[PDB]
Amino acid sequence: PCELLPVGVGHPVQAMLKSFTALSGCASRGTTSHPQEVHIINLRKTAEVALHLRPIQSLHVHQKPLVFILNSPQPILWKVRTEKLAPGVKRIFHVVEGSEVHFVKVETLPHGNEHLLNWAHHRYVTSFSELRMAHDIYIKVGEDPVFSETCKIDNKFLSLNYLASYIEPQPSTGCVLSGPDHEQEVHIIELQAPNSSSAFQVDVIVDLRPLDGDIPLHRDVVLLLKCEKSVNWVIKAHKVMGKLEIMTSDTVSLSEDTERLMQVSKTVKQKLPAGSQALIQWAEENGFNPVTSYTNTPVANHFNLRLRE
């Protein structure tokens, strides 16, 4: 009954790959004696990027003038979203030809990290973040006394103060076999890898909610989760009430909300077969009938499961 095809937008399971995008960076305590803070972004490929501004957990309300060297190879639309910024303080953004800012000086900047650092040294450094790509960049403004007085680029450097994320839709293979039948849905997610690296025992989020979004559902859910690598399945339910049964050999983390909304059956580890045919067969033999859908994804760490009605 399963005829696998590359899945469309209407397939109930939509895969994504959310990643942290840091390549190299540094941070410094050195900007203390100077008048403005200098935060450098070196982006590595019109596209828009969200720049989220907030102070370090130490600071209540950030008062120090800021300068942002925002390097990109091709132009980008920078939409700055700030929290706890003193209005009226000098806001300077050094940007490339064609780039624009929201909520400013146009420059010719070098592409290398040390050259871009050298460009900043010549004019004025608190932080440098080289990023692979980015939808959103999160920067915590303030001098952290944990860093050295110098900013020395390191490809193994990561601070929670300077982060950037990217969400990439991922193609899947799959089939929808039946509709919700006995106020229940049974979904099989066969994942090949959680990421594009050797990052072991990572979280794979299963976001479970109605396709509508405003009207909460009374629906029982069975999930058969399979991966050929070790993963931690994170179940995040929203606006769905009913039984939740997870059939997997991996570890399962339930959201605080999954527990208040759903009656989660005790996760008893199960060894499942591989491939669409074997997995559909296993489900029916174990009393999870009829199967709503099957999805095969080569690489993903986030699945959006949407329930009909």
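A residue's number is simply how far along the shown sequence it sits, counting from 1.
- Unmodelled residues of the deposited sequence between neighbouring positions residue 166 and residue 167 number none; the chain is continuous.
- Unmodelled residues of the deposited sequence between residue 45 and residue 46: 4 to 9.
- Per the PDB record, of the two stretches 237 to 245 and 63 to 71, 63 to 71 carries the greater mean B-factor over its C-alpha atoms.
- Two stretches are in play, 112 to 120 and 90 to 98, and the higher mean C-alpha B-factor belongs to 90 to 98.
- Per the deposited record, 199 carries the highest C-alpha B-factor of all listed residues (176, 199, 211, 133).
- Per the PDB entry, 77 shows the highest C-alpha temperature factor of the residues 217, 158, 77, 139.
- Among the modelled residues of the chain, residue 19 sits in the middle third by CA temperature factor in this PDB entry.
- In the PDB entry, a CA B factor belonging to the middle third of its chain's modelled residues is recorded for residue 183.
- In this PDB entry, residue 82 carries a Cα temperature factor that places it within the highest third of its chain's modelled residues.
- Split the chain's modelled residues into thirds by C-alpha temperature factor. Residue 207 is in the lowest one.
- Among all modelled residues in this chain, the alpha-carbon of residue 268 has a temperature factor (C-alpha) in the highest third.
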